[PDB]
Amino acid sequence: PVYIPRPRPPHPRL
Amino acid sequence: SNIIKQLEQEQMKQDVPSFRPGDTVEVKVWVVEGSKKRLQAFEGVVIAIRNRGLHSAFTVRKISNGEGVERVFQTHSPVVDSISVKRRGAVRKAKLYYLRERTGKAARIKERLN
Amino acid sequence: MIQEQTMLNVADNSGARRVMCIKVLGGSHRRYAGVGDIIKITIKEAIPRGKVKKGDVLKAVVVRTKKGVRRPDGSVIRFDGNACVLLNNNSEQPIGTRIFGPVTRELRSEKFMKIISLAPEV
Amino acid sequence: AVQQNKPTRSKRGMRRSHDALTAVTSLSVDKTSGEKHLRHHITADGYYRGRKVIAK
Amino acid sequence: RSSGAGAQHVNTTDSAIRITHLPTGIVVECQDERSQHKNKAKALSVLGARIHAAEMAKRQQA
Amino acid sequence: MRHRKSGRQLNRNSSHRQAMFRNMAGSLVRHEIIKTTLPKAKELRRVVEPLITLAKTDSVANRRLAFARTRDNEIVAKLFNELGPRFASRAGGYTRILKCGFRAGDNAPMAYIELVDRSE
Amino acid sequence: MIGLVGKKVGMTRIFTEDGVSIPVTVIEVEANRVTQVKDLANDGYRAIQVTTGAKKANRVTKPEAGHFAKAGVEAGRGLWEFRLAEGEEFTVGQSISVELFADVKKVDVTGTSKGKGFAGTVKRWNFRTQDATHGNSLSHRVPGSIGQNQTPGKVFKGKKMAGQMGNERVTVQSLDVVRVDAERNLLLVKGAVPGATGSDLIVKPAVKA
RNA sequence: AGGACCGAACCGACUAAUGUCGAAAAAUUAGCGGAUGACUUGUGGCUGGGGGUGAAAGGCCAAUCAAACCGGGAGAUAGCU
RNA sequence: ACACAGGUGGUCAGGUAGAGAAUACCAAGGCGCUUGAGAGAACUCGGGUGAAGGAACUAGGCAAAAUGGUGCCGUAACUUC
RNA sequence: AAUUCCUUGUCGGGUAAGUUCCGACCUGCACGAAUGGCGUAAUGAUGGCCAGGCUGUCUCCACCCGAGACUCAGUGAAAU
RNA sequence: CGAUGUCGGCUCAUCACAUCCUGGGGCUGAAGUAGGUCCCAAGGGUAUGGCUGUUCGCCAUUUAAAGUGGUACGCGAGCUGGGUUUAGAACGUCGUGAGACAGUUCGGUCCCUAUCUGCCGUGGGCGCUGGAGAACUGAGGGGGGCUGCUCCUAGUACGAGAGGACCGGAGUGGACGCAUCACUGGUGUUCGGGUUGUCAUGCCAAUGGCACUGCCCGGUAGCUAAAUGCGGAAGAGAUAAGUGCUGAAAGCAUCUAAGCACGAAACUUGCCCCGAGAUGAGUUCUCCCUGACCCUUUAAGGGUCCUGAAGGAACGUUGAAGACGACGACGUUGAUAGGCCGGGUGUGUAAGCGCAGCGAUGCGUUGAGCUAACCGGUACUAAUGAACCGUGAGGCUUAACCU
């Protein structure tokens, strides 16, 4: 593909 | 089935007075106060009739002292004794559930006198 | 059918007008009351000349239901409003001297004698 | 949803073992014409139980 | 477990201690620091100070 | 769980279902034989037979009740004059179903639904 | 003693003279004639297998026709079997009527339950349905959690989940008898029994005497 | 007369749901706030990268912004995988 | 990126009811939106109704439910009147 | 108090019962007069609380209508 | 650290007893009730609201009780996102400042169409061996096992009085689970009626279409509980704690060392359900198959003609059976489905006609008309005559029985 998107906003775990 | 109809027709009483819904029907019902067997009275306005043959019943709505008292009565039950129509109401609807919200002047209906 | 947070009218002239049923007394995890069961109420509205004040938490007995009570013949008795009679929390012995509205025959058992004695109908 | 590993040819065959179609193999013979047809169905020319039921 | 903010430790570790003294009815609540012992010492010092204050107040009223 | 229920839904709401039963009953009265799917013919057996049952007796009000259905004057004109005195002797069951293969467009069970007619 | 096979034909109610109207079920009882008497010399247990109803002479098969000609009785629908209680003995072909229900007071009715089909968790095992608002997405009538965590690693056998409801062999016990009619061949029982109108019912005497 | 009120076109997205490998890389459904002015929009120009612009979020600058993209130093460097 | 539920400026613009370009049905005109047929399981969405209670549910009246238009009577605390 | 750690500091009201709210008590860790203080009519898809109506939110769910999910015919992926 | 999503809440639970109650007992500083402590016993149950995001805690009211813990101090490929930890902004404090604060508070997108194990169900093939139709026994497994209040005993024992038994029996309750619409309701967009706005049938009347089923009012059958019954047991065996009898070691004493009799919701039954795939494949009854040949590695061998038997399968009518399969009834020797007649029920005096009224409208025929899923009949229609699978009596060895 031409555009590969930004991945899913992940789990916090901070 | 013929079995159910034969079991019901031997128990139904043959002296049921015919009355349309809306009639001012006075019903005298037996009651057992322990060692007493008293025939009490209940006079009101019929607002519903559910015909089911032996399982048939009819409502008698009564405005007693304070608030209204609604009480159904089975037609072919031995606990009731007499059904006497006092006035012949002239409503054109089978059920009269709209009379529940109406108290006082709006509760009364038309007389047939046909 | 009287359950928690149910507003009821007071049947006798003890003084309160609107009460709120807070718990159906008798048996744990019980949903709603019956014909003449004991409930616990609080007082939300009262008259100035009442024997009890607004905010008293006390026991009462249901006498009239909108759900209806069932006679064993197959009939039902439905009233146009919920109603209760107030009781004094260790011995029942109701406060009001006159009781308005009819009651049910199954209330007559050994402790509610004053209520059905003061009942004008049934 | 997402698998751990791929299944086999054997797993695919044992899955598709119940995907085998069933033929009827019960073609009937008409009384008048004798043409082949199914049970409770008319023929290509409209014959059924000997009577011309389509009239066409 | 404790209320407030700060880290993961608030979710799993307790870091909140309540000590009730039964014949006097004095409750000491400590949610100050991370470890319990450093709060146990503060909770015992507050118990000692409150019991000594409640006894000396009764003595000064007597 | 539809215990003791009748009435096929046919993947349509009641308005479209009643409208297409109206139009298909009118087409079956007008053409005397039509070709459709099998459950539509099975439910049209519960539609055309009350129309013929109402068309058994000719009067003033029966024309208005037969015009309340099928919404057409030519359909009620073919009723009570042609179907009435011709289906007078038979009592009920005036229709006939013929299963005719499957449709090549969607593989649906096909059926000629007709009346007991066409001896003209 | 033994039980009898009957057909459920509707439900009615009986009005007693004192005022109490009792809901009753009309169980008709046909001639439960004995087809075979099994003894301990060939099976190790004493019992009797019987039948009821009447079949047409095109549906009954030649094995069933030979099994019925072994007894000589008329062909009837179904076959049931009742264990004997050591105090009586029945012969092959004895027409057992409803007169055995005249002495007993309480009976136990076993019947095929009305099939509810593939029902959910809430309808079958009476689970509490979760809150339908405050952010609930796709989790209204689901059972939710079905297992604990990694350490069990599996769902326990016997888990109350969605599945088949109905078509069971349930038994409502301790039902009172009301009237035993011999002319109409009926058996009025008190209360409700499993099954719809037209299903088979095994009415046995009460084991909880 | 009103940076007036309710409420269509129009502008924007406050709640909940549907989606969330969606009809679509921000949408739809049912309710919303403004809707004669600090409003919206078409057309054509001007301001540009340590800069432009900003009723100010460090936002936007061609779906990429605490320093855009393209090409070249450059095969930068990397005790790191 | 698609024969894509998105966006795109200006003009004409009727009948009934309606304050109205809102909304309900129609005329002129264009379409039925390029997968259908069955059965009416659990579960999911858009909904409708419901005995008795009326927020006891939940972080939270969130979502739903309820009021809603014309004419007339009358309208409290406070106030920059 | 958008300030406050101790603290759910103390009193009263509201509720049967209120770590929220209101009016205060000042013991102000660590308010404060243009990085403005105190009030303030009207206004706010503003934060919180209470009162009436209203209801499936809940007690406790039950049924029905369409779109999927189930089957058949045709085309036919993806993360891994 | 080339990714294990955690706190609290909702649903769903599982297990241990260091037992909260119920149960059986010992001591008591146990007159009875109500108690204190301890042993055995996990079979069952083990709160409702305010506050706080809070687990916890306090309060109010019940209860017999408001058990402690483990399961990633359970459960987000079951659900939110209130709190804690993204980006905005403020109050107080520190720092000249950018900024920081387990010191708050305001607001802030939580993805996934199930490949494997597991679980809930439901099917096909094959096996049990000659096959089929049924009926069960039964290994084994599963469901449930809670108890309040009142009365009799009995105001009895006990107790100066107040108070108040143990055991046993009966009735009525709460929760749980099962069953069913017989009663009462809800739904019942397939039944009837009222009405608003518009359109159509050339117009009145009447009817139909749309506007959430237009708004509603009821309401047939089914489903459902709030409606009605049912059950937790009684009894038996073996016991834990404990109480014992006889009884030596050890002239006594001793519940134990030999033995015997008691003794709990704990264990097995007894109550109910699934179940011979229990490859250990069970038992009983019945039905059906008794025709010739050649080839030969004379093998429990293969091939040819004739027959297809009991039964099963396919198709259709279909169901209070069902996602699909599967199960039940029927297929013309018929009441399985649709249609029709009658009855019942529901809505409620259809249309037309006649009369009164200027008119809307009112009355009579009429308590009519229409009736879905109901009941009892009626072949009127559709389930056709047939074709398909399944066979020539069934292997070896041993013993007892008749020849």
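Protein chains in written order, with this note's numbering: chain L, 39 to 52; chain S, 1010 to 1123; chain B, 362 to 483; chain W, 13 to 68; chain H, 11 to 72; chain E, 8 to 127; chain P, 355 to 563. All C-beta atoms, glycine included, are put in the ideal place defined by N, C-alpha and C.
- Using a CB distance cut-off of 7 Å, residue 374 (chain P) counts as an interface residue toward chain B.
- DSSP links residue 1056 (chain S) through a beta bridge to no other residue.
- For residue 363 (chain P), the nearest beta carbon of chain S is closer than 7 Å to its own beta carbon.
- Per DSSP, residue 67 (chain E) has no beta-bridge partner at all.
- Under the DSSP assignment, residue 49 (chain E) falls outside any beta strand (DSSP E), being part of the alpha helix (DSSP H) whose first and last residues are 45 to 61.
- Membership of residue 420 (chain P) in the alpha helix (DSSP H) is indicated by the continuous run 416 to 425.
- Per DSSP, the beta-bridge partners of residue 555 (chain P) are P:360 and P:465.
- No Cβ of chain B is located within less than 7 Å of the beta carbon of residue 1020 (chain S).
- DSSP lists E:109 as the beta-bridge partner residues of residue 116 (chain E).
- Counting only the Cα atoms, residue 1065 (chain S) lies some 42 Å from residue 496 (chain P).
- When secondary structure is reduced to three states using DSSP, residue 23 (chain E) falls in the helix class.
- Put simply, the CB of residue 552 (chain P) is far from chain E, with every gap to its CB atoms at 7 Å or more.
- Between residue 458 (chain P) and residue 543 (chain P) a beta carbon distance of about 11 Å is seen, past the 8 Å cut, so the two are scored as non-contacting.
- For residue 1048 (chain S), no Cβ of chain P is located within less than 7 Å of the residue's own Cβ.
- Taking a cut-off of 8 Å on C-beta distances, the region 465 to 476 of chain P touches the region 509 to 522 of chain P, as three or more cross pairs fall below it.
- Inter-segment contact for the region 1048 to 1065 of chain S and the region 17 to 27 of chain W is absent: fewer than three beta-carbon pairs are separated by less than 8 Å.
- Ranked by Cα distance from residue 393 (chain P), the first of P:549, P:558, P:438 and P:355 is P:438.
- Residue 362 (chain B) sits away from residue 381 (chain B), with the two beta carbons spaced by 7 Å or more.
- With a beta-carbon spacing of about 5 Å, residue 459 (chain B) and residue 374 (chain B) fall inside the 8 Å limit used to define contacts.
- Residue H:21 holds the alpha-carbon nearest to the alpha-carbon of residue 52 (chain L) among H:43, H:36 and H:21.
- No Cβ of chain S is located within less than 7 Å of the beta carbon of residue 459 (chain B).
- Cβ-Cβ distances below 6 Å link residue 1016 (chain S) to nothing in the same chain once the five nearest sequence neighbours on each side are left out.
- Taking the Cβ atoms as the reference, residue 541 (chain P) lies roughly 4 Å from residue 381 (chain P), within the contact range of under 8 Å.
- For residue 65 (chain W), the nearest beta carbon of chain E is closer than 7 Å to its own beta carbon.
- Rounded to the nearest whole angstrom, the C-alpha separation of residue 454 (chain B) and residue 401 (chain B) is 15 Å.
- Proximity of chain B to residue 1109 (chain S) at the Cβ level (cut-off 8 Å) is accounted for by 441, in chain order.
- Within chain E, the C-beta atoms nearer than 8 Å to that of residue 52 (chain W) come from 106, in chain order.
- With respect to residue 559 (chain P), residue 355 (chain P) sits close: the two C-beta atoms are nearer than 7 Å.
- Near chain B, meaning a CB-to-CB distance below 7 Å, the residues of the region 1070 to 1088 of chain S are 1073, 1074, 1075, 1076, 1077, 1078, 1079, 1080, 1081, 1082, 1083, 1086 and 1088.
- By a beta-carbon distance limit of 8 Å, residue 436 (chain P) contacts residue 357 (chain P). Their separation comes to about 5 Å.
- In the DSSP assignment, residue 375 (chain P) forms a beta bridge with P:369.
- Two segments are said to touch when three or more pairs of C-beta atoms, one from each, lie closer than 8 Å; by this definition the region 118 to 126 of chain E does not touch the region 397 to 416 of chain P.
- Residue-level contact by beta carbon holds for residue 366 (chain P) and chain S, with a gap shorter than 7 Å.
- Apart from sequence neighbours up to five positions away, the residues of its chain that approach residue 62 (chain E) with a beta-carbon distance below 7 Å are 73, 86, 87, 90 and 91, ordered along the chain.
- Look at the beta carbons and you see the region 383 to 392 of chain P touching the region 448 to 456 of chain P: at least three pairs across the two are nearer than 8 Å.
- Along the length of the region 1020 to 1069 of chain S, whole beta strand (DSSP E) runs at least 3 residues long occupy 1033 to 1041 and 1046 to 1054, reported in chain order.
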